[PDB]
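>>> So I pulled this structure from the PDB, and the sequence comes with it:
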Amino acid sequence: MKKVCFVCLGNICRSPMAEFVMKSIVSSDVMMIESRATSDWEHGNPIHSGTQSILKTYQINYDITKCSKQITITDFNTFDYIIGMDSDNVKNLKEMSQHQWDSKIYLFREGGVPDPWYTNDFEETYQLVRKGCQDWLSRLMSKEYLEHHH
Ligand SMILES: [Cl-]
Ligand SMILES: [Cl-]
Ligand SMILES: [Cl-]
């Protein structure tokens, strides 16, 4: 079971969106998927309204109990892939872990995902997260898995 963690600054906008979009395209039995924040700055707060609204609009199930959670030393050891939503998340992930795990740290998509904390365009965010989740699936799953879904 591959263990994937999407990461952004506050874990209320982009990275939770990736968690639940990814969870909608691959089974809990073959991939374990969570999300985290690099910072403290939103800890305990629920998914941002813009991500919640997007997920409801596209009928993507999510855990209403989900709250912003900062990534921990345990997480860096446990997760196989720690995927930052933009290059700032990637850099901060590497420094806060003193570069001990750089080979598990990835950028979600080349060029990045625009930050809807600034653009407020959660539709653009959804479309890019949805496509990037598809790419991660083709990257992380075996060819045999790909050929039988769907
Ligand atoms: Cl944020
Ligand atoms: Cl990067
Ligand atoms: Cl790979």
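Everything's here; your move. Numbers count the residues shown, from 1 in each chain. Ligands and ions are numbered 1, 2, ... in the order given.
>>> Output stretch 106-123 as CSV, restricted to C-alpha atoms.
Coordinates of each C-alpha in stretch 106-123 appear next as CSV, following Å, rounded to 0.1, in the frame of the first residue of the first chain:
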residue,chain,number,x,y,z
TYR,A,106,7.5,15.9,-5.0
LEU,A,107,5.9,18.9,-6.7
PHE,A,108,2.2,18.2,-7.4
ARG,A,109,2.5,19.4,-11.0
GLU,A,110,5.2,21.2,-13.0
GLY,A,111,4.6,24.9,-13.0
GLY,A,112,2.3,24.4,-10.0
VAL,A,113,-1.3,24.9,-8.8
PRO,A,114,-2.4,28.5,-8.5
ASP,A,115,-3.1,29.4,-4.9
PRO,A,116,-6.8,30.2,-4.5
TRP,A,117,-6.0,31.9,-1.3
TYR,A,118,-5.0,34.6,-3.7
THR,A,119,-6.9,33.9,-7.0
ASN,A,120,-10.2,32.8,-5.2
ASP,A,121,-10.7,30.7,-8.3
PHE,A,122,-11.5,27.3,-6.9
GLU,A,123,-12.8,26.1,-10.2
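>>> Okay, buried residues for that stretch please.
Of the residues in stretch 106-123, those buried by neighbour count under the rule 16 or more other Cβ atoms under 10 Å are 106, 107, 108, 109, 112, 113, 115, 116, 122. Bear in mind the C-beta positions are built from the backbone N, C-alpha and C, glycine included.
>>> Spit out the contact partners of the residue of the chain found nearest ligand 1.
Residue nearest to ligand 1 within the chain: residue 10 (2.8 Å; Cβ to the ion). Residues in contact with residue 10, defined by Cβ atoms under 8 Å, 6 or more residues apart in numbering, are 37, 39, 41, 42, 45, 68, 117.
>>> Same question for residue 94.
Residues in contact with residue 94, defined by Cβ under 8 Å, 6+ apart, are 102, 105.
>>> how many other residues sit next to the closest residue to residue 140 other than its chain neighbours?
On the basis of Cβ to Cβ, 6 or more residues apart in numbering, the spatially nearest residue to residue 140 that is not a chain neighbour turns out to be residue 2, at 5.7 Å. Around residue 2 sit 13 other residues, with neighbours defined as other Cβ atoms under 10 Å.
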